[PDB]
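Peer 1:
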Ligand SMILES: *[C@@H]1O[C@H](CO)[C@@H](O)[C@H](O)[C@H]1NC(C)=O
Ligand SMILES: *[C@@H]1O[C@H](CO)[C@@H](O)[C@H](O)[C@H]1NC(C)=O
Ligand SMILES: *[C@@H]1O[C@H](CO)[C@@H](O)[C@H](O)[C@H]1NC(C)=O
């Protein structure tokens, strides 16, 4: 459906509101979009190994 | 990691330290507690922040690209169009996942070295005025009050000043 | 590597050690021989196995793809089809070779650190009850029987227990 | 880097050393000056040269490739041709920049370790005949003439030979 | 009296993968992959899409009688077509270079 919203990226499944480098929503897009990958997750560590003691 | 500090010489981290990543814990007659090493922590943060942003910022925006219609006698071109999309997807997926794995391993070694280097900084300051014990701790052979603890943390410990006391306490 | 153990402080490896990658050699009045450090070796194996499998498992299967026929008036499309195949081949060849070279270098540093860390573990256990000599060896200043050798290898060496004997033997 | 030698234990480099990358500075009664460690420097050079050449040599030559003309009813094919070129450009730009950044970081760690290892080599030679001071220097407890300085640099220092003198000078 | 060196720990379950280990809990992490969308068709930088409803591009551009609502639609940011449009070439025939026309109108 169309609605009263705005985005910089639109896929056939709905609009994307994000600044991340990759997406796994859909390969066909219009606008300024994250790059499509088949990855389930791309999580990078910034902190420490979380082992307390 | 390859330096051996994280869950190595240090048994584990401190849930009681909340002002940074790397730091110190102390105990003396005037009190005890945790405090972060702000210089070490901030440098670690800046390095990592630049690394994360490099991975993201060096990526170009995906510009509008949609599939294309082909008629029933254009199957060879439809299949070429698909081949191009599948090839690019395979390249970017492989690279994105492998890059993240390689960088996550390096980040953990980065942190492992930074805490180990902090440990060595103190060992070099204290010399014979303290002994190494497990869990990354230095047990002093002389009374070390709050002014002393700040001096050791700041890299300004006046080693010979405490040498007579430690020689006697060492037996 | 960058830690300096392989053909560094250790002159070279042991062809007489067959039960692992990292380990110990000992000699005392009750005998001599080689034995692997199973904990160190197995952790090294698991790390490497995961690395090799990651490189392979993250790769997708090459799915059927064949060339396409074009007629004599379709040379522009034939050349586009070829360009796509050559471009993908060039990308994957460059990445495959460079990835392997980068990872082989890291694997050798991984191993160089693991043996160096084993060396330091013992140095920290023995303290003043043994001296460092070349080839990665610790020469004891006290009699160290088979029970002692197992204790040192296991990280349970009772340092002060042997301190009177070593003080006398050290002159 | 992660070893902590460059602008770490060493305050900064020597503009007075011109025959290599890594080296020594000395002072004794017979003179003073700088000299490079040719073995350490040449190995560092060979490693880096191979790394740079690997990045360049593993790249294939860009072979003739030009754009293609399309007529006004071939826009779908023109857009496919463009998509292929933009995709390849994006892949190679991302990889080229990221590879260089990752390798520049590793090169600096390579160098940081090499100078630190040189420092440790001397520490192991001198043992109790010299003390560690800041800026990566060893202050001798015995007279060390030019023959001694060459012996230390070459890894042939006869430690016990100077032990009586240093025991007395150490008080 | 003692001074100890250590590092921070918390209650985080953020988990990352590495090349040597497959499930590493960390104190802080960054998500580089976006997996959500809002389920809606939005304006792009203030400009609404052209909704063709039940009309195909051929139906629209030819003036199919049932596509009258698309006559006044002078401008748009993108074109949205239903998966199986029903109102196209109401009088049957071949539409020459249709795919090519769609490719060119999509840029208008
Ligand atoms: C950690 O504890 C704080 C309260 O001190 C809470 O707000 C936060 O959500 C908790 N985080 C996790 C991951 O449980
Ligand atoms: C890692 O955790 C996921 C759940 O997030 C689980 O499915 C997977 O089996 C775990 N794996 C390994 C290989 O340790
Ligand atoms: C589009 O199709 C639906 C389902 O058959 C119908 O209810 C609707 O009236 C049709 N459209 C228009 C735009 O009149």
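Chains as they are written, first to last, in the deposited numbering: chain A, 273 to 325; chain B, 1 to 171; chain C, 1 to 171; chain D, 1 to 171; chain E, 11 to 54, 54A, 55 to 83, 83A, 84 to 95, 95A, 96 to 115.
In this text, a Cβ means the ideal position worked out from N, Cα and C, and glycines have one as well.
Can the beta-carbon of residue 286 (chain A) be found closer than 7 Å to that of residue 54 (chain E)?
Peer 2: Along the first chain, one-based indexing puts residue 286 (chain A) at 14. Along the fifth chain, one-based indexing puts residue 54 (chain E) at 44. No, they are not a contact pair.
Peer 1: Which residue comes first and which comes last in the beta strand (DSSP E) that contains residue 277 (chain A)?
Peer 2: Within the first chain, numbered from 1, the residue matching residue 277 (chain A) stands at position 5. Run containing residue 277 (chain A): 274-279, per the beta strand (DSSP E) assignment.
Peer 1: For residue 48 (chain C), which of E:32, E:101, E:108, E:89 has the nearest alpha-carbon?
Peer 2: Indexing the third chain from 1 puts residue 48 (chain C) at position 48. That would be E:32, whose Cα lies nearest to the Cα of residue 48 (chain C).
Peer 1: Just to make sure I have the definition right: I need the residues of chain B whose C-beta is within less than 9 Å of the C-beta of residue 42 (chain E). Which are they?
Peer 2: Working through the fifth chain from its first residue, we reach residue 42 (chain E) at position 32. Here the neighbours are 52, 55, 56, 96, 100.
Peer 1: Using a Cβ distance threshold of 8 Å, determine whether the stretch 90-109 of chain D contacts the stretch 58-65 of chain B, with at least three qualifying pairs required.
Peer 2: Touching, per the Cβ criterion.
Peer 1: Taking 7 Å as the CB-CB cut-off, is residue 46 (chain C) touching chain B?
Peer 2: Start at 1 with the first residue of the third chain, and residue 46 (chain C) comes out as number 46. No, no contact with chain B.
Peer 1: Give the list of continuous beta strand (DSSP E) stretches no shorter than 3 residues that lie fully inside the stretch 85-166 of chain D.
Peer 2: Listed in chain order, the complete beta strand (DSSP E) runs (minimum 3 residues) inside the stretch 85-166 of chain D are 130-133, 137-140.
Peer 1: Using a Cβ-Cβ cut-off of less than 7 Å, give me the residues of the stretch 118-137 of chain C that come near chain B, in sequence order.
Peer 2: Hits within the stretch: zero.
Peer 1: Specify which residues have a beta carbon nearer than 6 Å to any heavy atom of ligand 2, listing them in chain order.
Peer 2: This selection yields E:32, E:33.
Peer 1: Kindly confirm or deny that the stretch 37-46 of chain B and the stretch 72-81 of chain D touch, where touching means at least three C-beta pairs closer than 8 Å.
Peer 2: No, the stretch 37-46 of chain B is not in contact with the stretch 72-81 of chain D.
Peer 1: Would you kindly report the start and end of the unbroken beta strand (DSSP E) that includes residue 40 (chain C)?
Peer 2: Within the third chain, residue 40 (chain C) is the residue found at index 40, counting from 1. Per DSSP, residue 40 (chain C) belongs to no beta strand (DSSP E); it is in the alpha helix (DSSP H), 38-57.
Peer 1: Please tell me whether residue 320 (chain A) and residue 21 (chain B) are closer than 7 Å, where the distance is taken between their beta carbons.
Peer 2: Your numbering for residue 320 (chain A) matches position 48 in the first chain. Your numbering for residue 21 (chain B) matches position 21 in the second chain. Yes, the pair counts as a contact, with Cβ atoms nearer than the cut-off.
Peer 1: Are residue 39 (chain E) and residue 24 (chain E) touching if we call contact CB-CB under 7 Å?
Peer 2: Along the fifth chain, read from residue 1 onward, the residue named residue 39 (chain E) stands at position 29. Along the fifth chain, read from residue 1 onward, the residue named residue 24 (chain E) stands at position 14. Contact: yes.
Peer 1: Could you tell me which chain A residues have their CB closer than 9 Å to the CB of residue 19 (chain E), listed as they occur along the chain?
Peer 2: On the fifth chain, residue 19 (chain E) is found 9 positions in, with the first residue counted as 1. 320, 321, 322, 323, 324, 325, listed in chain order.
Peer 1: For the putative contact between residue 28 (chain E) and residue 114 (chain B), defined by C-beta atoms under 8 Å, what is the C-beta separation to the nearest angstrom?
Peer 2: Position 18 of the fifth chain, counted from the start, is the residue given in the question as residue 28 (chain E). Position 114 of the second chain, counted from the start, is the residue given in the question as residue 114 (chain B). Not a contact, Cβ separation roughly 17 Å.
Peer 1: Is DSSP giving residue 285 (chain A) helix, strand or coil here?
Peer 2: Counting from one through the first chain, the residue named residue 285 (chain A) turns up at place 13. Correct three-state label for residue 285 (chain A): coil.
Peer 1: What in chain B is Cβ-close to residue 112 (chain D), meaning under 9 Å?
Peer 2: Along the fourth chain, read from residue 1 onward, the residue named residue 112 (chain D) stands at position 112. The premise fails here: residue 112 (chain D) is roughly 10 Å from chain B at the closest Cβ pair, so nothing lies under 9 Å.
Peer 1: Spatial neighbours of residue 109 (chain C) within its chain, please: C-beta separation below 6 Å, excluding the five flanking residues on both sides.
Peer 2: Residue mapping note: residue 109 (chain C) aligns to position 109 of the third chain, counting from 1. So the list reads 1, 2, once near-sequence residues are dropped.
Peer 1: Ligand 3 and residue 95A (chain E): does the residue's C-beta get closer than 6 Å to at least one heavy atom of that ligand?
Peer 2: Numbered from its first residue, the fifth chain carries residue 95A (chain E) at position 88. No, ligand 3 has no heavy atom inside 6 Å of this Cβ.
Peer 1: Starting from the C-beta of residue 79 (chain E), find all residues in its chain whose C-beta is less than 8 Å away, skip the five residues before and the five after it, and write them out in chain order.
Peer 2: In the fifth chain, the residue the question calls residue 79 (chain E) occupies position 70. Excluding sequence neighbours, residue 79 (chain E) sits near 59, 61, 62, 64, 69.
Peer 1: Can you pull the chain C neighbours of residue 32 (chain E), defined as C-beta to C-beta under 7 Å?
Peer 2: Position 22 of the fifth chain, counted from the first residue, corresponds to residue 32 (chain E). The contacting residues are 50.
Peer 1: So with CB distances below 8 Å, who are the chain D contacts of residue 84 (chain B)?
Peer 2: Locating residue 84 (chain B) in the second chain gives position 84, where the first residue counts as 1. Within chain D, the residues near residue 84 (chain B) are 80, 83, 84, 87.
Peer 1: Within 8 Å, do at least three Cβ pairs link the stretch 147-156 of chain C to the stretch 10-19 of chain D?
Peer 2: No, they do not touch.
Peer 1: How about residue 60 (chain E): is its C-beta nearer than 7 Å to some C-beta of chain D?
Peer 2: Numbered from its first residue, the fifth chain carries residue 60 (chain E) at position 51. Judged by the 7 Å Cβ criterion, residue 60 (chain E) is not in contact with chain D.
Peer 1: Just to be sure I understand the criterion: a residue counts if its Cβ is closer than 6 Å to at least one heavy atom of ligand 1. Which residues meet that?
Peer 2: This criterion selects E:21, E:22, E:23.
Peer 1: What in chain B is Cβ-close to residue 311 (chain A), meaning under 8 Å?
Peer 2: For the purposes of this step, residue 311 (chain A) is taken as residue 39 along the first chain, with counting starting at 1. Here the neighbours are 93, 96, 97.
Peer 1: Apart from the five residues just before and just after residue 126 (chain B), which ones in its own chain have a Cβ nearer than 8 Å to its Cβ?
Peer 2: Position 126 of the second chain holds residue 126 (chain B). Cβ neighbours of residue 126 (chain B) beyond the five flanking positions: 138, 140, 152, 157, 159.
Peer 1: When we look at the beta-carbon of residue 129 (chain D) and count the other beta-carbons within 10 Å, is it buried (16 or more) or exposed?
Peer 2: Position 129 of the fourth chain, counting from 1, holds the residue named residue 129 (chain D). Buried.
Peer 1: Need the endpoints of the beta strand (DSSP E) that residue 16 (chain E) sits in, please.
Peer 2: In the fifth chain, counting from the first residue as 1, residue 16 (chain E) sits at position 6. Start and end: 12-17.
Peer 1: Please list, in chain order, all residues with a C-beta atom less than 5 Å from at least one heavy atom of ligand 3.
Peer 2: Any residue whose Cβ sits closer than 5 Å to a heavy atom of ligand 3 makes the list: E:62, E:63.
Peer 1: In the DSSP assignment, find the unbroken alpha helix (DSSP H) run with residue 24 (chain C) in it and report its ends.
Peer 2: Numbered from its first residue, the third chain carries residue 24 (chain C) at position 24. Premise fails: residue 24 (chain C) lies in the beta strand (DSSP E), 23-28, not in any alpha helix (DSSP H).
Peer 1: Could you say which of E:11, E:36, E:26, E:30 lies nearest to residue 19 (chain E) if we only look at CA atoms?
Peer 2: Numbered from its first residue, the fifth chain carries residue 19 (chain E) at position 9. Of the listed residues, the one whose Cα sits closest to residue 19 (chain E) is E:36.
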